[PDB]
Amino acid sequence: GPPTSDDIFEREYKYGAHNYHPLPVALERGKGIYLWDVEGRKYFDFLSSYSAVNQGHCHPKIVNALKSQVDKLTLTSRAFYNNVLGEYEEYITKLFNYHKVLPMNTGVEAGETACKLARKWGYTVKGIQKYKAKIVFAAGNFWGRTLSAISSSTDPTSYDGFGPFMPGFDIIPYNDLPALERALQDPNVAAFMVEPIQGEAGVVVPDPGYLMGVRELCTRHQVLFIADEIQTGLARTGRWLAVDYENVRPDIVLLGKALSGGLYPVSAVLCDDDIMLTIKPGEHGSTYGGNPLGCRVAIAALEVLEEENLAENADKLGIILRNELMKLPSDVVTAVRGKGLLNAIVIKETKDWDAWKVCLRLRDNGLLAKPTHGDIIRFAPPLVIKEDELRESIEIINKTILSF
């Protein structure tokens, strides 16, 4: 017969690096909001592959886009033109209202690209002396695992044993406009990179007016505002971009994860000509960036978000979800936070009760969620979920919580 779940666990333990400690579930099929493991059990997916499958698993429109293109052409490299890339470029730039896009594959590649743009613009436009340019980041940030990305992290698990670290990266507290203003007094700062909601830190939502104040300070001091929307973008928080809640237009927007509906690693860096064109031909690239197969699925993934009005659904259903989670007792859950369908709860963890235990029992009751800290659980189902599916999930959550 086929492998069991324990077969799958031990094969990976023997032949794969040990860089992850996954929840013990061996999944074999996904469709829409549901996942199935190899034993045939069905689960509500309340992680959405860290918001990569906003459109649900294996969305038919995106799948058909991939199957149509894979028989024609999948990779020319950027040494030549292909017929798909410019169609995607015109589409995504008009959708988010920026001049240009630079295509990359993974989220951390988008962030590295943004750092390279900020520095090159800092030297060639702002007039910073080489190589004194600084980029400011917020404590709690997460944007990947390259040496550069971990050099801006305040989490020791990310950076311990991996130094020495990239110079020119400064860290300030999140949700702290006076701290930002102080940092931007230095004219060698080229950019501030920030998540409009910090996902990895525990769905940390900054105070109203924070994004508007970041925009005001960056513009005043001639500093690029880089908004990392790789997790928060693409309807997850109830808008095309989380910055849309305060009408804020960043200088550079990063997109990734759900840009492909989970079918292909596609990321994007959006900005206007005066920034984008500081990088000349030959000065930045990627083998697979902008390939025609990824472009076709990104177009379809974006079309799904717009056609099915998933931002409106995430906003309306997130209100219901937060409202129902807030009914849970306050000797069990200490806080409920989030926007749209990016939410989290904080449990009152004791010496013998934590969030990993809760998620194990949620899995036993047919709902998959992952804990982000010893006391925080994220709830992020695909945006295609309907109200009755959500209420059935809320039921599983309520029953699981108080069954402790």
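In case it trips you up, residue 1 is the first one in the sequence shown, and so on.
Novice: Give the stretch, out of 131 to 139 and 245 to 253, with the larger mean C-alpha temperature factor in the deposited entry.
Specialist: The entry gives the higher C-alpha B-factor average to 245 to 253.
Novice: Averaging the C-alpha B factors as listed in the entry, name the stretch that ends up higher: 47 to 55 or 363 to 371.
Specialist: On average, C-alpha B-factors are higher across 363 to 371.
Novice: Determine which member of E181, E112, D331, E90 has the highest CA B-factor, using the values in the deposited entry.
Specialist: Top of the list by C-alpha B-factor: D331.
Novice: Looking at the C-alpha B-factor of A201, is it in the lowest, middle or highest third of its chain?
Specialist: According to the entry, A201 has a C-alpha B-factor in the chain's highest third.
Novice: Among all modelled residues of this chain, ranked by Cα B factor, put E324 in the bottom, middle or top third, i.e. lowest, middle or highest.
Specialist: For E324, whose C-alpha B-factor we compare with every modelled residue in the chain, the answer is the highest third.
Novice: Sort the modelled residues of this chain by their C-alpha B factor and say whether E312 lands in the lowest, middle or highest third.
Specialist: Highest third of the chain for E312's C-alpha B-factor.
Novice: Once the chain's modelled residues are ordered by C-alpha B factor and cut into thirds, is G233 in the lowest, middle or highest one?
Specialist: As the PDB entry reports it, the C-alpha B-factor of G233 lands in the middle third of its chain.
Novice: Among the modelled residues of this chain, does the Cα B factor of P103 put it in the lowest, middle or highest third?
Specialist: Its C-alpha B-factor, which the entry lists for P103, ranks in the lowest third among residues of this chain.
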